[PDB]
Structures are given as C-alpha cells and as structure tokens.
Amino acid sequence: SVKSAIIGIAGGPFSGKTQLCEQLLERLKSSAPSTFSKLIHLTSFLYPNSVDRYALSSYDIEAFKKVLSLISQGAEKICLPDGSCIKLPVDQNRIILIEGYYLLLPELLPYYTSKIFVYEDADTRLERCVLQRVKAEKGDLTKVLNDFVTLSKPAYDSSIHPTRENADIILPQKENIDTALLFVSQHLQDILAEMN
C-alpha cells in the first residue's frame, strides 16, 4: 500500500549536495504536492559527541540501515541519532531524499531506489568551503584551510571517492547545472509516476 522511494545523494565535503537537494525538493513540492517529500542529512546519524564529521568512523551505519528499512516498510515515525524524529505520513506515497558523504557504501546500495554522486574537484570544493566560511562568515582563513585539508581531505581520499562509481548517476558540478537538475527531476518524476 504505502510506497516509498529513497534517493541517495552522496558527495565529498563542500560539494553543494545540500543546496542541490533543496532545489530538487522545490521541484517535488511543485510537481507532486500530494506525494510526501523530505530531505534527510546523513549527519543526523553521527555518533553523539563525534569530533570529526568527515570520517566514516564517526557514523552509526547500522542505525542508518534500520531507518532505511523502516522507510521502505512504510513506517510512520523514524527517530535519528540526532535526537530528531520525523513523521512519515501513511496516507501518501513518500519520496525521501538523503544527502551525505557515505551513502554509497556497498553495504547500503540495495536500500536505494536511486543513487546519485555529486562530483566536484577538490579545488572547487575548497573554493566553496573558503567562500562560505571565510568570505561570507568571516572565519579565519588558515583554520578553515586546515580543517579542509587535514580532516576532510583524508576522509574524502580514503573512504568517499572510491564509492563514487556505485552511483547510477554522477552529476558533475558547475556554475550552472540547470540541465542536470532537470534530468534528475524528470527522473524523480518518472519514479513517482511508476510509484503512483
């Protein structure tokens, strides 16, 4: 009865996957308002008091698998290690967008209806990091560079990057990605059309 679609959107640190997911969510609100849609952040599954948000070792992957299964099974309430609880309606079909670094672990692949990897080069990602944290939020340039390079870079190199080819769709990031946005939104509309 209650059908659910899960979209895993992975990517490296500062690849803009959250903004991309908000844009997809706009299309879902306007084109399928009777379908329940929601964005979930993999960071809500960080272990409590984790120091390194980039490292795979900081993520409760089993809790995430349990949440994925509960969504597929038609559950109405899911609670996350965050402390957050999410009401999932049972009088609508559901499409859950999920966003994070480690969505494409082999162990996780069978749970997704669709799999996307937001690909951006390391320098462009560092540029986004600097423009957000230094230019906009007036943080300290050296500390921001060091957080990126000493913490985010080893995590990306060892654990995130090798999962990128597990995606069905790799989205290369640019100044304007409107065409790729409509490819993906049309794909999600096709998913809901078959689901409904």
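Note that residue numbering follows the sequence shown and begins at 1.
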{"query": "Entry-level comparison of average CA B-factors, 4-12 and 185-193, reporting the higher stretch", "finding": "185-193"}
{"query": "Mean C-alpha B-factor comparison - 75-83 and 114-122, higher one", "finding": "75-83"}
{"query": "Residue 66, C-alpha B-factor rank within chain (lowest, middle or highest third)", "finding": "lowest"}
{"query": "Ranked C-alpha temperature factor of residue 105 among modelled chain residues, by third", "finding": "middle"}
{"query": "Residue 29, C-alpha B-factor rank within chain (lowest, middle or highest third)", "finding": "highest"}
{"query": "Chain third (lowest, middle, highest) by recorded CA B-factor, residue given as residue 135", "finding": "middle"}
{"query": "Ranked against its chain, the third holding the CA B-factor of residue 171", "finding": "middle"}
